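Number of protein chains: 2
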Amino acid sequence: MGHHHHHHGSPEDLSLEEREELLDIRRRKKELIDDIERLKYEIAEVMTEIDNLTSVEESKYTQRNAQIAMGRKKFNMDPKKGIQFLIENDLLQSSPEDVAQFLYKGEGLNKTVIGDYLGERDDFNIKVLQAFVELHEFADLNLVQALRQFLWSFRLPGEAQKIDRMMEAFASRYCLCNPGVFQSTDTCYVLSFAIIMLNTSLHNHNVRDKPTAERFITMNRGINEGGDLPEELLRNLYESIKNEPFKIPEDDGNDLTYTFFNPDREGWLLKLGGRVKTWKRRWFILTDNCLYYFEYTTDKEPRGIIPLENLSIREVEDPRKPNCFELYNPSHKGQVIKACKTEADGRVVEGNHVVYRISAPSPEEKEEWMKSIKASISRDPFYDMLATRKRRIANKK
Amino acid sequence: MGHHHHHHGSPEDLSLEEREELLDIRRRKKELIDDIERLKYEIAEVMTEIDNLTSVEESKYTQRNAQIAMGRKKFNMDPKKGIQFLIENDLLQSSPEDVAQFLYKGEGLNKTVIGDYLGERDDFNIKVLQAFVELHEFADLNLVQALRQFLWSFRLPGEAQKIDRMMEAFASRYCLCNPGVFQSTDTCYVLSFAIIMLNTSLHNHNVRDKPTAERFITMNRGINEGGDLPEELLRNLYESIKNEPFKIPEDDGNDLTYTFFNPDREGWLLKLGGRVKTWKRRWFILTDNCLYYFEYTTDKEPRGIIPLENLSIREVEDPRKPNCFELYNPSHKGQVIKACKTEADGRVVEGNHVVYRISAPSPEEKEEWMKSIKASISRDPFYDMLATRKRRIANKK
Ligand SMILES: O=P(O)(O)O[C@H]1[C@H](O)[C@@H](OP(=O)(O)O)[C@H](OP(=O)(O)O)[C@@H](OP(=O)(O)O)[C@H]1O
Ligand SMILES: O=P(O)(O)O[C@H]1[C@H](O)[C@@H](OP(=O)(O)O)[C@H](OP(=O)(O)O)[C@@H](OP(=O)(O)O)[C@H]1O
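Heads up: the protein sequence lines correspond to chains A and B, in order. For the first sequence, counting from 1, position 117 maps to 406 in our numbering; every step adds exactly one. For the second sequence, counting from 1, position 128 maps to 417 in our numbering; every step adds exactly one.
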């Protein structure tokens, strides 16, 4: 420090000295706080000693640990029964909030089972799901950041209805934590699945079309209840996913986040006739789990419509045409597939196909079509869920 | 030895040693916290000294301190006027939140006056009460722990309506901080008063029936909107209160938490007739601030009903019967007490009593009855408040 002249008199107080004193006081306060923390720890230890009182002073094993361990295993076998066991035996309190804290901690818990339980339509489960999402702190996180945390805590159920409940809870929570970002919960929900599809698109090699940042901006046009979201916001989300894929717990490689494919496609194919086996070039549109085909790209009405429900694909070698596969019903051998087409006179009639043999222009287009068709068939209930949700997202005047 | 009344034993039955140690540790922690607060205050003073605006002063106390001191005294005289003085003179900002912070700090404030002010039905006061409970951090505290903090910050008003507002604010805050614990705010509210009655029961010597942990579990059956709360939860609450009574600020010994008696009782008594002074044994039920008496325990209809409104008790010596007291109206000497009874023919008529002389089977039963009756009369508006609240608690499925 050095000293000051001090001609003035004994009342002269020195700011530096006062500051130093203040610092010392602060240090003392910190020490006191540390002491308090230590005391708290001691108290906790005492409580532990008290609890499991009827025992031998030195016991080999831990009552609490043993009982909780068995309860967790019970939960993994049947979540309803596990929760019940833990509540009955006072290892867990009975409120939705306490159950949610148990699930969020998730120690020794199967995260798929967590997802199965949180996605149930029961009133208790609904309340646990709310408290569960409330344990996720979404304020000041972008949508991908929030999704990363949420998707670490459980594994998405397979049932479309269950996936919906959980993503609705997520979207509602995000919007409450980040007001003014999205115009509606519906916007947040649909954008969330856009992000999930992008994760699949960019990180699964079975997906050839790798969307650019500009492309992802264009795909989400009108999502904000008719309006567009800020380009900067969409870019940040795109770049986060591009940089790092969703990290999934207990990952089996089969997760929706990695295998959420676009079920829609358009393009030229040759198709073999039903009763009369002639090859025809047609413009095909795969949409709504149906294969629509047209004589010309300018036709308003399809030449035919093939519902894909209950069908599967097999590759075939054809004597004349390259890159062939067949659609067929594996349950109904030798039976006509339910479909409709238009005759030359304009009459709409039933198709006469036991199989639909299709030839693609290239091996690469063959693979694209088979992927799209398989994806469309395999996740239809889920794509239907999103489609019904997207309609309410789009607003008509 | 020998003492006059039957309520002084020896200290032999102690509590559990570990628990006592924990309590001591908690006390130490509290002391440390107080020390830290003092240090902080000192630091603030040092900062003020360092600061430029602070001149050397001829005066013992400074402008801010002097003005705030007078304002606090004004508040204690008339809370509305005190707040106004502090706001007008820029010693306190005008929002409910700032006023609530002033009240919560409570420096040099009468905590009874704090309670009077927070319990007012005015719109501003209602908003201050909300902000006041928001300054209490109830997350991860059990209901007793939260009650201890809340009941340190102010003294409960005497008006039933005011008590209701404050306990409603408390219960709502607790449930928001601890979601899923109680099924309703009503559950939290009624359980809170169960805890308060237990405090009186276990810690006031005028109360002979000391409920066990099992007893307290049984008393709260169906409280959770028809359902039962977890036995472990109720045990923790019971043991906390048993171990340590509610610590009340500026304690005069007259606080509700110490003098919240059960106003209800049943049992055998002899009663002296009205016009014709014959002694009859009757089964008595004290409920709803009324004394109902029956010829037989199996009777559906009472022999008579004595409203206790406006009555008081005096002990008397009787020539024939032991352990006697009289109910009488001190305002209406020599006048018949409003009551009803049934004649032998079944006609319901008015009673002819100037006084009701009652004889109890033992001195101990006499004391129990007089306590119950006095308690019932003295706090009727409040018991009525709880009763109307408990009805909405009991719901049908
Ligand atoms: O045009 P020609 O050479 O006469 O042969 C037709 C076309 O291949 C039709 O295809 P498209 O409808 O695309 O024109 C086909 O109908 P499908 O669409 O049902 O395959 C007819 O099947 P049958 O009606 O089953 O013979 C087949 O007779
Ligand atoms: O039975 P007997 O010996 O004839 O005397 C009766 C009983 O004592 C009654 O008590 P209870 O009603 O409990 O049977 C009492 O009524 P109260 O209930 O009003 O005390 C009558 O009072 P009067 O009616 O005031 O005389 C008194 O006449």
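By construction, the Cβ of each residue, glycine as well, lies at the ideal position given by its N, Cα and C atoms.
Here the stretch 440 to 451 of chain B makes no contact with the stretch 470 to 482 of chain B; the two share fewer than three CB pairs at distances below 8 Å. Closer than 9 Å to the CB of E338(B) there is at least one CB belonging to chain A. Secondary structure at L675(A): helix, using DSSP grouped into helix, strand and coil.
The residues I506, in chain order, have a CB closer than 8 Å to that of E520(A) in the same chain once the five nearest residues on each side in sequence are set aside.
Annotation: the continuous alpha helix (DSSP H) that includes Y330(B) extends over 306 to 339. For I325(A), at least one C-beta of chain B is nearer than 9 Å to its own C-beta. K622(A) is classed as exposed because its beta carbon has fewer than 16 other beta carbons within 10 Å across all chains shown. With fewer than 16 other Cβ atoms inside 10 Å of its own Cβ, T567(A) counts as exposed. In the displayed model, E639(B) falls within a strand according to three-state DSSP. Note that the stretch 677 to 686 of chain A does not touch the stretch 494 to 508 of chain B; fewer than 3 beta-carbon pairs, one per stretch, sit closer than 8 Å.
Across the stretch 452 to 468 of chain B, CB contacts with chain A closer than 9 Å involve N467, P468, in sequence order along the chain. A contact between stretches requires three or more CB pairs, one per stretch, nearer than 8 Å, and the stretch 655 to 667 of chain A fails this requirement with the stretch 446 to 454 of chain A. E590(A) counts as exposed, since fewer than 16 other C-beta atoms from the protein chains shown sit within 10 angstroms of its C-beta. The C-alpha of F671(B) lies about 37 Å from the C-alpha of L380(B).
Relative to ligand 1, the beta carbon of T567(A) is positioned inside 8 Å of a heavy atom.
Contact between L526(B) and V433(B) holds: their C-beta atoms lie close to 5 Å from each other, under 8 Å.
If you draw a straight line from the Cα of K685(B) to the Cα of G515(B), it is about 8 Å long.
When only Cα atoms are considered, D669(B) and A435(A) end up about 54 Å apart.
Along the stretch 303 to 322 of chain B, going in chain order, the ones with a CB nearer than 8 Å to a CB of chain A are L305, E307, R308, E310, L311, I314, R315, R317, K318, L321, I322. Shown here, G360(B) sits in a helix according to DSSP, grouped into three states. Scanning its chain for C-beta atoms nearer than 6 Å, with the 5 sequence neighbours on each side dropped, one finds around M486(B) the residues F549, in chain order. Membership of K394(B) in the alpha helix (DSSP H) is indicated by the continuous run 385 to 394. For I647(A), not one C-beta of chain B is nearer than 9 Å to its own C-beta. At least one heavy atom of ligand 2 lies less than 8 Å from the C-beta of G640(B). The beta carbon of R316(A) is closer than 8 Å to none in its chain, skipping five residues each way along the sequence. For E426(A), there is no enclosing alpha helix (DSSP H), as DSSP gives it neither H nor E.
Going by C-alpha positions, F427(B) is about 28 Å away from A333(B). Assignment of beta strand (DSSP E) within the stretch 570 to 611 of chain B, counting only whole runs of 3 or more residues, yields 579 to 583, 593 to 596, 601 to 605 in chain order. For the pair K369(A) and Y393(A), the CB atoms are not nearer than the 9 Å cut-off. Leaving aside the five residues that flank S651(A) on each side, the residues in its chain whose CB is nearer than 7 Å to its CB run, in chain order, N612.
In this structure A628(B) is not in contact with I574(B), their Cβ atoms being roughly 15 Å apart against a cut-off of 8 Å.
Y585(B) and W557(B) have their C-alpha atoms some 10 Å from each other. With respect to the 9 Å criterion, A458(A) and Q419(A) are classified as neighbours on the basis of their beta carbons.
Cβ contact annotation for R554(A) (same chain, cutoff 6 Å, sequence separation greater than five): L575, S661, in chain order.
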